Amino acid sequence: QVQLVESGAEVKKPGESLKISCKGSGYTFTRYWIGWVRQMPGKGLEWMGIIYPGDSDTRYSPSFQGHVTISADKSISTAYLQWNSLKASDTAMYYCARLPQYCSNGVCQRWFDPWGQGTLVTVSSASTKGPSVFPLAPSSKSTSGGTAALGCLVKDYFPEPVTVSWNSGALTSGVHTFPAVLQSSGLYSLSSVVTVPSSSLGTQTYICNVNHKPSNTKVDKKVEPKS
């Protein structure tokens, strides 16, 4: 229905410029204010600004005025957030969101609905690195009570994020994709596990689908019982 689609991840070096995008569909893009919000560490959200795509009128938070530029191309129903010169501390999840409004006599009150999925922007001097993906094979040591655990270990990547699905999204019950840890090297690792019937290990196929957009890495790893 109403949807805002942004990229899930962008990685740049300090001093580089960046423009991220948010494409609206399922509504008349020119008729709604649309804006950007920054995710704060742990908890918290900071509104950055809004634009009216009908005429490109903008309003910024005082915290973000002059640090970013918001723009829009109504031809392709797309809004943008841009930095001229990135800092490492600009790293964050950024959301675009539509702002429905209620007005009387030209005075408007606004909220955010709906929100895009969020774009994780990482600014770092460190090298981008694709993950190695290893099977966590089900075995006599990961089977108990009729349940088998199996998984994938996604090791030595930078930066976040990695996405993991199982069987191209058909397998979701019992999946735990863990928060990544930061290794001593400054690389990330994570594991994704699933619990399934021990009885059908012989007949079912389990494939973890790992995507690391920053390195354009896609791995499909078939996880077979230990033999």
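Numbers follow the displayed sequence, beginning with 1.
_Stretch with the higher entry mean CA B-factor, where the candidates are 203 to 211 and 20 to 28_ = Mean CA B-factor is higher for 20 to 28.
*Which has the higher mean CA temperature factor in the PDB entry, 36 to 44 or 60 to 68?*
Stretch with the higher mean C-alpha B-factor: 60 to 68.
*Among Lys141, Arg98, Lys87, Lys155, which carries the highest Cα B-factor?*
When the deposited C-alpha B-factors of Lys141, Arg98, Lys87, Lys155 are compared, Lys87 is largest.
*Tell me, please, which of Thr78, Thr147, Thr122, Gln117 has the highest C-alpha B factor according to the deposited entry?*
Reading the PDB entry, the winner on C-alpha B-factor is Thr78.
*Sorting the chain's modelled residues by C-alpha B-factor, tell me whether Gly54 ends up in the lowest, middle or highest third.*
According to the entry, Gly54 has a C-alpha B-factor in the chain's highest third.
*Relative to the other modelled residues of the same chain, rank the CA B-factor of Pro135 and answer lowest, middle or highest third.*
Lowest third of the chain for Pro135's C-alpha B-factor.
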